[PDB]
Amino acid sequence: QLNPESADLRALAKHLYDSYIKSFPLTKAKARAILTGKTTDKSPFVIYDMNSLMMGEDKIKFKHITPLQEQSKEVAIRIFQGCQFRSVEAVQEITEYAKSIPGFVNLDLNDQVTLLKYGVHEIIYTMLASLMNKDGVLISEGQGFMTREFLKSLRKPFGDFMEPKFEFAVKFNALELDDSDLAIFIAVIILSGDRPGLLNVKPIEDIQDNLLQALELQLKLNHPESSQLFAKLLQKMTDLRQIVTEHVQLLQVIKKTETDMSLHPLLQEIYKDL
Amino acid sequence: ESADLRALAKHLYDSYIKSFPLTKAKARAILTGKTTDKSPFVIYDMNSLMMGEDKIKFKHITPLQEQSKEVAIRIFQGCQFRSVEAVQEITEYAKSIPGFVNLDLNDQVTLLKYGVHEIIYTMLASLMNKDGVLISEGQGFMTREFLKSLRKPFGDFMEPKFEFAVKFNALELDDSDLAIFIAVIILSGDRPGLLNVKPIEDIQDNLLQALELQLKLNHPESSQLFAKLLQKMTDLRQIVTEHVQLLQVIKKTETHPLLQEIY
Ligand SMILES: */C(=C(\CCC)[N+](=O)[O-])c1ccc(-c2cccc(C(=O)O)c2)o1
Ligand SMILES: */C(=C(\CCC)[N+](=O)[O-])c1ccc(-c2cccc(C(=O)O)c2)o1
């Protein structure tokens, strides 16, 4: 049945699902409902071109997003800027979620930061998977949907920063994970141990050890139907590393062809040295 | 199938033992000391190398005259030769894996083209320790520092593999564990260009169940080892991508036609 052992683990699972919902306004469940239908009130405004993009800015909040680097002739940059701000947003949330992870705050302050430094993007693109389908991605809190095609056609460099994300989202979404799973999986990602510079690695590993244990049970209980989902899920941590690095490559490029474009501080401190 | 995962294991093990000459247990026998007389010829610098030329006569990879005149070039040169040696040992082990032969010819090739690198490094860990690597069927042992001691790009083509070994070996896996682990890497359903992924995954899924059981029985003590091992698969891709990058700069050197073709 259930033993004292598994029980501790299910409680950890529930504690995290609870923090998860409390930290991310736009969950996978909400996003799915928005993407699939079953709705009359949650349908998004679709953007697939400059005009729709134009009427787009109109129906939805596209200026508290585009930092003051406003009216910047090339739309591509405007878009990129929207994306960047939304990432800073995500970092913040993830940071909020992190603190709730049992044991995380009790660590060396420099390490707390190190885990965030590298775990953050791997997480953003994991969660970003939740707002995408092969056709495109949700934006502005779900109120909108930008076509994968619109993005892919943007100015030479820019029109290339989202494809990898889409490539992964398709694979990853095929795992059919739900919000309660992702909450634990994201936890595991934070408590790595192989992050560069980690002063006291051991305590971090004992934490992750319990999380992996929590995820194993969770996946087994939530997805009997799917065998070795646990394994298949972990293997996916490879795709994340590469997506991350490709992006970084891209930031390098932009930091030159566009020396007039600004960068958000928080995103700066993260990137440096990845 | 509680018993099936055990049979797939012994079989893979049995097969692994037959395909690979230098095993973990053995390589371990050497390195350390435990039951050893044969003791390896250490290569820590230039002259210890030279003496190696004719001693271990490891030169299976050097008789290559008029092109055998510049240390850092012949070592890496050699390294590659032993790689190609490993590839054949791997390709052969592949055929032992239940179902491998039954897959589409082109996919068998593809799994191999994109999997041998990751496996070369996993087994290479068996021949390393923080201070060096076992060469020529374990007759020698080339020191770690002498390698960083290599001039130009040649000073960091083994260092990465060394860092990996250190972390990997920390798992204390044996040949029994590795055998199944190797099979998993091969049966990767996400290699580019495949044609029929289902059969592959079906097999990897079966191999994964075997590994999981193997690790629990062989290491009751070590909690979540299965998880930690699968994570290392990530360490590998980084390493294989990176390695492949050094090959780029390496294009800018030494400035036979069949030799290249060979490689
Ligand atoms: C990049 C991602 C960022 C995820 C943290 N995203 O799809 O949200 C991206 C691509 C396009 C946009 C975007 C364009 C215009 C307006 C917005 C908005 O949130 O208002 C986002 O962001
Ligand atoms: C590189 C590794 C790669 C194995 C597939 N290795 O052979 O352990 C490497 C480093 C040094 C050498 C080497 C130099 C000279 C002679 C030999 C030999 O095996 O006889 C190896 O290879």
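Throughout, a chain's letter reflects where its sequence line sits, starting with A, and its residues are numbered from 1. Read the numbers this way: they start at 1 and go in the same order the structure lists the ligands and their atoms.
Between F80(A) and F158(A), the ring planes lie perpendicular to each other; the angle is over 60°, past the 30° to 60° tilted range. By the 30° and 60° cut-offs, the orientation of the rings of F164(B) relative to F168(B) is parallel.
Aromatic ring centroids of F20(B) and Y93(B) lie under 6.0 Å apart.
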- Query: What's the verdict on side chain to side chain donor-acceptor pair (under 3.5 Å) for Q69(A) and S262(A), showing C-alpha distance, side-chain angles and the deciding distance?
  - Reply: CA-CA 8 Å; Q69(A) 190 141 160; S262(A) 49; 2.5 Å; yes

- Task: Before giving the answer on ring-ring contact (aromatic ring centres under 6.0 Å, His included), spell out for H247(A) and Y271(A) the whole-Å C-alpha distance, their side-chain angles and the decisive distance to 0.1 Å.
- Result: CA-CA 10 Å; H247(A) 179 75; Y271(A) 298 151; 5.6 Å; yes

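No side-chain donor from either of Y17(A) and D179(A) sits under 3.5 Å from a side-chain acceptor of the other.
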Quick check on ligand 2: any N or O pairs to the protein under 3.5 Å? One line per pair.
{"unit_1": "ligand 2", "atom_1": "19 (O)", "unit_2": "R82(B)", "atom_2": "NE", "d": "3.2"}
{"unit_1": "ligand 2", "atom_1": "19 (O)", "unit_2": "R82(B)", "atom_2": "NH1", "d": "3.0"}
{"unit_1": "ligand 2", "atom_1": "19 (O)", "unit_2": "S136(B)", "atom_2": "N", "d": "2.9"}
{"unit_1": "ligand 2", "atom_1": "20 (O)", "unit_2": "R82(B)", "atom_2": "NH1", "d": "2.7"}

